[PDB]
Number of protein chains: 2
Amino acid sequence: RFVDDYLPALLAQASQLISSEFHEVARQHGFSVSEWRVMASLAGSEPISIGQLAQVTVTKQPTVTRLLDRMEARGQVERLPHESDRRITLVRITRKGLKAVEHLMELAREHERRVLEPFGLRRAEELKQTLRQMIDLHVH
Amino acid sequence: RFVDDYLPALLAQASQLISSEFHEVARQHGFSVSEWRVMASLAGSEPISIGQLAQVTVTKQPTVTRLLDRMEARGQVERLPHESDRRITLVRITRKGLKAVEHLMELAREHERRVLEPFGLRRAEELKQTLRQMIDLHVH
Ligand SMILES: O=C(O)CCCc1c[nH]c2ccccc12
Ligand SMILES: O=C(O)CCCc1c[nH]c2ccccc12
């Protein structure tokens, strides 16, 4: 069976199954899943470009920009001009956004701890290191 | 930075970056990405239920059923009644579908080999084993 060991299919199924478990949580706290991805990606970060935000949130850039339009209207994020290149817009979370997402982030950490507990610390750290190295080799 | 080591974000970014590289290939061979997921998932498989196909292809079940409507019209797949429970429809690839996808599957294997080569055999097998165990623990 081709699909049983094919890496992209394994990554996509593991990602969908683990993420879908947290969806209910995010929505019960009043967040859409994409709002959660944006605010969790910006929490504790210096301002990043729209393109960087689109990559880390695995969301298409036009979709990200419409999302930021409403999140900025609600005071949860802010878009800012870039240092030199003004082809580039930066984005950051505001204090209001951080306060809105902090509890959900603790719940996310607890859920992640549960997902990783059966694997033990060595296998969990190996998995995270491999995924980080793959991202850094394939990001454009 | 919360997002830098958060497992679901790492899985989703690695999955999106690695899969998007093969999209161009699939389309140059005349496949949509979802047609590729269906035919690669059924290749070499006994008939599986629609719900199983939706899970392994990470596609919503109503979307899968519409996709199968057109793929079956093109003779690439076939839906069949289940053994006993006729709440359940099974689906299989046909010979025509297998012949249509076989070359693309070899290209997919080559791309996967390239993705995994820098990690070496031990780290690649550890990654695949961890992902398989996660899927089997979280599938519903
Ligand atoms: O959408 C993509 O580009 C592929 C995502 C990975 C993926 C998930 N399920 C699958 C079944 C067969 C082949 C690939 C997969
Ligand atoms: O869509 C989901 O349910 C989450 C997918 C995983 C994911 C991808 N990018 C992210 C950035 C912040 C938090 C979670 C993520």
Side-chain angles (χ1 to χ4, degrees), chain A residues 11-82 88-116 128 131-132 135 138-140, chain B residues 1-20 33 54-55 58-63 134 138 140:
Chain A
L11 285 166
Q13 290 168 263
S15 177
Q16 181 272 311
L17 293 164
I18 289 165
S19 286
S20 291
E21 289 180 354
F22 198 68
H23 290 178
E24 189 168 29
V25 187
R27 297 193 195 101
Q28 279 167 12
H29 291 69
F31 281 75
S32 76
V33 181
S34 60
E35 286 157 13
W36 155 247
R37 292 196 309 271
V38 167
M39 267 185 259
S41 292
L42 295 172
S45 181
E46 268 288 275
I48 63 172
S49 78
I50 309 306
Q52 294 178 293
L53 183 65
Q55 185 268 310
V56 69
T57 67
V58 296
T59 306
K60 294 303 200 163
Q61 191 162 334
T63 300
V64 168
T65 59
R66 286 150 178 76
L67 178 54
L68 293 178
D69 289 338
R70 40 196 178 83
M71 299 179 69
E72 189 163 26
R74 297 177 56 189
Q76 298 172 324
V77 300
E78 187 191 13
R79 274 171 293 199
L80 305 153
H82 177 267
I88 305 319
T89 300
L90 304 177
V91 62
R92 54 177 292 268
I93 197 171
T94 65
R95 186 198 195 251
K96 179 185 178 172
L98 192 63
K99 294 302 230 123
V101 82
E102 266 176 348
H103 184 238
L104 195 55
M105 285 175 52
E106 185 45 56
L107 295 175
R109 293 184 189 101
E110 175 55 27
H111 173 240
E112 177 189 32
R113 197 199 60 73
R114 284 186 292 253
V115 171
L116 288 168
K128 288 185 174 189
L131 293 173
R132 170 52 61 199
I135 292 159
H138 289 91
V139 70
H140 269 112
Chain B
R1 181 87 175 272
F2 171 81
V3 75
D4 283 340
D5 66 334
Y6 178 51
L7 175 70
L10 295 171
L11 285 166
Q13 290 168 263
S15 177
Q16 181 272 311
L17 293 164
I18 289 165
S19 286
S20 291
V33 181
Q55 185 268 310
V58 296
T59 306
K60 294 303 200 163
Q61 191 162 334
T63 300
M134 278 199 184
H138 289 91
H140 269 112

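Residue numbering restarts at 1 for every chain, and letters A, B, ... go by the order of the sequence lines.
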### Message
Taking atom CD as the centre, does A/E106 end up with more than 12 heavy-atom neighbours from other residues, nucleotides or ligands that are less than 6.0 angstrom away?
### Response
yes
### Task
Let me see the working for B/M134 and A/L116 under side-chain contact (heavy atoms from CB on, under 4.5 Å), right down to the final yes or no.
CA-CA 9 Å; B/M134 278 199 184; A/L116 288 168; 3.8 Å; yes
#### Entry: Backbone of B/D5 reached by a side-chain donor or acceptor of A/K128 within 3.5 Å
yes
### Message
How long is the straight-line distance from CZ of A/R74 back to CD of A/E35, given to the nearest 0.5 Å?
### Response
5.5 Å
### Message
Has A/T57 got a side-chain atom pairing as donor or acceptor with A/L53's backbone, closer than 3.5 angstrom?
### Response
yes
### Exercise: do A/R27 and A/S32 side chains pair donor with acceptor under 3.5 Å
no
### Query
Crowded around A/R66 CZ? As in, over 12 foreign heavy atoms under 6.0 Å?
no
### Message
Check whether A/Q16 reaches the backbone of B/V58 with its side chain - one donor and one acceptor, N or O, closer than 3.5 Å.
### Response
no
## Note on the structure
Tightest non-hydrogen contact, residues B/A9 and B/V3, listed as CB-CG2, 3.8 Å
### Message
Once rounded to the nearest 0.5 Å, what's the spacing between atom OG of A/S45 and atom CD1 of A/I93?
### Response
9.5 Å
### Message
With side-chain contact (heavy atoms from CB on, under 4.5 Å) as the criterion, how do A/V115 and B/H138 come out once you've worked through the C-alpha distance, each side chain's angles and the decisive distance to 0.1 Å?
### Response
CA-CA 9 Å; A/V115 171; B/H138 289 91; 4.0 Å; yes
### Message
Does the plane of the ring in A/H29 sit parallel, tilted or perpendicular to the ring in A/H103? Use 30° and 60° as the thresholds.
### Response
tilted
### CD on A/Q61 to CD on A/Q52, rounded to 0.5 Å
10.5 Å
### Evaluation steps, side-chain contact (heavy atoms from CB on, under 4.5 Å), between A/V38 and A/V91
CA-CA 10 Å; A/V38 167; A/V91 62; 6.0 Å; no
### Message
Whether the side chain of B/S20 engages the backbone of B/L17 through a donor-acceptor N/O pair (distance < 3.5 Å, no angle test) should be reported.
### Response
no
### Message
Please report the interatomic distance CD1(A/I135) to CG(B/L11), rounded to the nearest 0.5 Å.
### Response
8.5 Å
### Message
Tell me whether the count of non-hydrogen atoms from other residues, nucleotides or ligands lying under 6.0 Å of CZ in A/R95 goes above 12.
### Response
no
### Message
Quick check against the 3.5 Å criterion: does A/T59 have a side-chain atom that pairs as donor or acceptor with the backbone of A/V64?
### Response
no
### Query
In terms of the angle between their ring planes, are A/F22 and A/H111 parallel, tilted or perpendicular, with boundaries placed at 30° and 60°?
parallel
### Message
Please find the pair of heavy atoms, one from B/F2 and one from A/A40, that lie closest to each other, and give the distance.
### Response
CD2-O, 3.7 Å
#### Entry: Minimum heavy-atom distance A/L80-A/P47, with the two atoms named
CD1-CG, 4.0 Å
### Task
Locate the shortest heavy-atom distance separating A/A26 from A/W36; write the atom from each residue and the value.
CB-CB, 4.4 Å
### Task
Ignoring hydrogens and angles, tell me if any N or O in the side chain of A/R79 forms a donor-acceptor pair with the backbone of A/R92 under 3.5 Å.
no
### Query
What are the two closest heavy atoms between A/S15 and B/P8, and how far apart are they?
OG-O, 4.4 Å
### Query
Hey, is the main chain of A/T89 close enough, under 3.5 Å, to the side chain of A/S49 for a donor-acceptor pair?
no
### Query
So, for A/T94 and A/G75, which heavy atoms are closest and what is the spacing to 0.1 Å?
OG1-O, 2.7 Å
### Summary
When rounded to the nearest 0.5 Å, the distance separating CD of A/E110 from CD of A/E112 is 10.0 Å
### Task
Nearest 0.5 Å please: distance from the NZ atom of A/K96 over to the CE atom of A/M39.
9.5 Å
